[PDB]
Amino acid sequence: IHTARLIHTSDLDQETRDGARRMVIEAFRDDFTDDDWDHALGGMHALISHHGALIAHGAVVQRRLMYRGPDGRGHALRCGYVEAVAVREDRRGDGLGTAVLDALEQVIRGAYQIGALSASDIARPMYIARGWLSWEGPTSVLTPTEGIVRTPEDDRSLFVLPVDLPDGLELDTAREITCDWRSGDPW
């Protein structure tokens, strides 16, 4: 069985960051943009290498997810957001994806109030099987110039993993949920 190493972005040399980026881009090839890479930087990376070649990657970066309960109170949850999860093609189906998520979920459970991610279609059963909840209500992003704006192309994609919500808060996945602002894909 393989085990992922967990490394902060700042503990990654440029050679190893460039190798990770190139492995991720190839893994997403039919798609992975310059903004997509920026989104994967700043947090903890899960890495698996074999003889100096990276064969699996994932990242969890901190952001705020905003949720307003029925009673009208607002919540700005410390969110561990999962990005750039990828296994080299020739090494897929061997549990390397599971090893990446095991290490990232340890980060989420140890440090954040909620995990969240916008899953590709292929990865959906994988996350469902691990206990991630599909979000059923509308999604949105908090923009700097127009307030909260709907993001309908992301409604089907969003999964959350509530690990340490504030005392008495219970997420209703049919309500709206809002992510903080960034360039490119908000979710």
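All residue numbers are counted from 1 along the displayed sequence. Under this definition, the rigid core comprises the largest set of C-alpha atoms superposing within 1.5 Å between the forms.
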| item | value |
| --- | --- |
| Of 100-108 and 113-121, which departs more from this form in 4 other deposited structures of this protein by CA RMS after core fitting | 113-121 |
| Stretch with greater C-alpha deviation in 4 other deposited structures of this protein, 44-52 versus 155-163 (rigid core superposition) | 155-163 |
| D38: gap in at least one third of other compared structures | no |
| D30 to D31: deposited residues without atomic coordinates | 4 to 9 |
| Given 54-62 and 124-132, the range whose Cα B-factors average higher in the PDB entry | 124-132 |
| From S118, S49, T143, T139, residue of greatest CA B-factor | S49 |
| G42, C-alpha B-factor rank within chain (lowest, middle or highest third) | lowest |
| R109 - which third its CA temperature factor falls in, relative to the rest of the chain | middle |
| Lowest, middle or highest third - CA B-factor, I177 | lowest |
| Third of the chain, ranked by Cα B-factor, where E83 sits | lowest |
| Record-listed C-alpha B factor of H8: chain third | lowest |
